[PDB]
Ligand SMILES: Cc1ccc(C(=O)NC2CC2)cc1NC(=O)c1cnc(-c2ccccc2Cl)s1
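Shown here is one chain on its own, the form deposited without the ligand, set out as C-alpha cells.
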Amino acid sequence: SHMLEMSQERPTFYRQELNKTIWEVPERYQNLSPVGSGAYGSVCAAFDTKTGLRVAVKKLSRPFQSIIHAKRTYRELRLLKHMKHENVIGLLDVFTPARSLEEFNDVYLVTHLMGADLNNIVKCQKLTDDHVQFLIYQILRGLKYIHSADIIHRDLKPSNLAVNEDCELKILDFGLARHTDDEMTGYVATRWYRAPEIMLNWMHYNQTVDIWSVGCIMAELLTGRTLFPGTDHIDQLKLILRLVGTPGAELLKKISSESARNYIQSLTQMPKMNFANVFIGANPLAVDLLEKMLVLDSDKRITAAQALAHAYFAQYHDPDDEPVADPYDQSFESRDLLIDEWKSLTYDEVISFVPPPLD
C-alpha cells in the first residue's frame, strides 16, 4: 500500500541485423521477422515472452530529423499512448536503448500483432455480407471512439486497417504522419478514399470526413472493386459526382473556394444515381447505409455513432459496448519548439509509459 520502489532496473537489450539495419530490443522480444516489406514503417513481427503473445514492433529511425519530424514523433506517441480501444491500434510497450537523453535517438513502439491489412483480406477473399457487417461495424466502433476525443483520422483506407484471422480489425496510422508515400508506382491506393471536402480544400470540414472513407471502403468490400478509382484530383471528383450528383446552389454557397465553385459549375450537371443499381446483390440495409455515408454535404452525413445504430448492424450493435475516449489534451499543438525540445518531451513520454496490465 505505502511501499514504494526506490529504483528500477533497465531491461537487458540485444542487437541483431534486420532489414539490413541494427534492431536493438529488450530480451523480452524474440524471433523478430520483418513484416509488410517496407509498406508500413520498419515493422517486425515478434514473440513477446512477457505477455506470451505475438506482437508487432515498429522502429522509428528518423523521428527527430527536423522540427517537422520531431513534432510529428511527439504527436504520434501522445496519440498512441492515449488510444485504449479494441479497434484502434494502441501500445503494449514503447522503448529505447538510450540510457539517457544525451543518448536518445531511435524510438520503438509495440502493439498486438494482427497479421494482415484489409487490402490483403480483400485480395484473397470474397467477403460475405456477415464479414462486411462485422468489419464495417468495427471501423465505426473505433471511429466513434477516436471522434469522441476530437481526433479525425483524415486518411482512412484499407491499408490503414489491420485485420487478423478472426476478422478482428483495428485502425492504424492517423492522417498527418503516416509512413513513406508520395507517388512511387501507379497512383497506389491513396486518393480513392478521401472526402471531396478535403481533397479540394473546401471548408474547415468535420469528423464525418472519415465516414466518407468508410462508405468508400464498405462499397469496395461489397462489390470487390474500388468505387472511385480516379486518375487525378479532377477525375476523382468527376467519378464522385457521377454517383452522388452535382451539388446544388445551396451546398456550393457553403464552400469558400473560388476554384472549386467555378470548376464544378463548368461541369455538366448530374442527378444522383440510383444506389440499388450500382450496389447489386447487396443487403438493402447495406445500400441504405451507403446513401447516408456517401453524401457531399458534411452537415448532412451520418456520424460514427449514428451509423452504429443503423439497422444494418443489428446483430453486432450494443450501445453499452461502444466506449468513448477520455478527453485528449492537444495543447502541445499550439507550440513552436526546436528539435532538442520536441525530442526531450518525447523522451519524457517514453520513460513515463505505463504498460497495460497482464490480462
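Residue positions are given as counts along the sequence shown, with the first one as 1.
There is also a form solved in complex with the ligand; it is not shown, and the following applies to it.
May I ask you to decide between open and blocked for this site, after superimposing the site C-alphas so that the ligand adopts its pose in the entry with it bound, counting ligand atoms within 2.4 Å of backbone or C-beta atoms with 3 as the threshold? With the ligand superposed from its pose in the entry with it bound, the site reads as blocked.
Quick one: in the entry with it bound, does every one of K58, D173 and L176 get a heavy atom within 4.5 Å of the ligand? Heavy-atom distance to the ligand in the entry with it bound: all three under 4.5 Å.
If we define contact as a non-hydrogen atom of the residue within 4.5 angstroms of the partner, is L113 a contact of the ligand in the entry with it bound? Answer yes; at least one heavy atom of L113 falls within 4.5 Å of the ligand in the entry with it bound.
Classify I211 as contacting or not contacting the ligand in the entry with it bound by the rule of any non-hydrogen atom within 4.5 angstroms, answering yes or no. No, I211 is distant from the partner.
Does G38 make contact with the ligand in the entry with it bound, using a 4.5 Å heavy atom cut-off? Yes.
Any non-hydrogen atom of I217 within 4.5 angstroms of the ligand in the entry with it bound: No, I217 sits far enough from the ligand in the entry with it bound that none of its heavy atoms falls within 4.5 Å.
Please tell me which of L222, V287, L227, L80 lies within 4.5 Å of the ligand in the entry with it bound, judged by heavy atoms. When the ligand is considered in the entry with it bound, the option within 4.5 Å is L80.
Here the chain is shown alone; which of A304, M293, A70, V43 has a heavy atom within 4.5 Å of the ligand in the entry with it bound? Going through each option in turn, the one that passes is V43.
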